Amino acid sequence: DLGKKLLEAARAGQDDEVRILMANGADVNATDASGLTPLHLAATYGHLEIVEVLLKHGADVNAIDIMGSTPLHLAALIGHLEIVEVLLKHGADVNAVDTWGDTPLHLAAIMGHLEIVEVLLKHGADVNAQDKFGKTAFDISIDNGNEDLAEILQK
């Protein structure tokens, strides 16, 4: 199967082995057992060149795994700013909600990715979005005393 090899090639960052597998018909939107796609894995591990290549060849920018995670969720959690910008440029849902009620803004807030927070806000991140405990991103910044993040969320 070429789908499993494209998944692994996108995780490891093997740019050349991605295009080759895509040259033999590899499913660009293949899924692993948990529903992750090549774009999920390339965005998680900071492989920008593979993120853009996948988006040029039919990758669903808003695909979701079993837990409702989109590529933007993962890029925002891990802190890959450029990948976050590319995804938004290709139509990423800025306010996608996963099985925990989290949006990309929540995860960027939790992990202290202030630059991503600003970008997400500029692209329409919902400051009133609540997770399954009722917390918005601003609630998270107050509860953990993150003055830098709170100022950003109030501008």
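Numbers for residues come from their place in the sequence shown, where the first is 1.
Looking at the deposited entry, does 23 to 31 or 66 to 74 carry the larger mean Cα B-factor?
Per the deposited B-factors, the answer is 23 to 31.
Residue stretch of maximal mean CA temperature factor, 135 to 143 vs 12 to 20:
It is 12 to 20 that shows the higher mean C-alpha B-factor.
Checking the entry, which one of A109, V94, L39, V53 has the top C-alpha B factor?
That would be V53, according to the entry.
Position of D60 among the chain's modelled residues by C-alpha B-factor, lowest, middle or highest third
Its C-alpha B-factor, which the entry lists for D60, ranks in the lowest third among residues of this chain.
Could you tell me which third, lowest, middle or highest, the C-alpha B-factor of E49 occupies within its chain?
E49: CA B-factor falls in the highest third of its chain.
When the modelled residues of the chain are sorted by Cα temperature factor, does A150 land in the lowest, middle or highest third?
Answer is lowest: the recorded C-alpha B-factor places it there.
Just say lowest, middle or highest third for the CA B-factor of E118 relative to the other modelled residues in its chain.
CA B-factor rank for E118: middle third.
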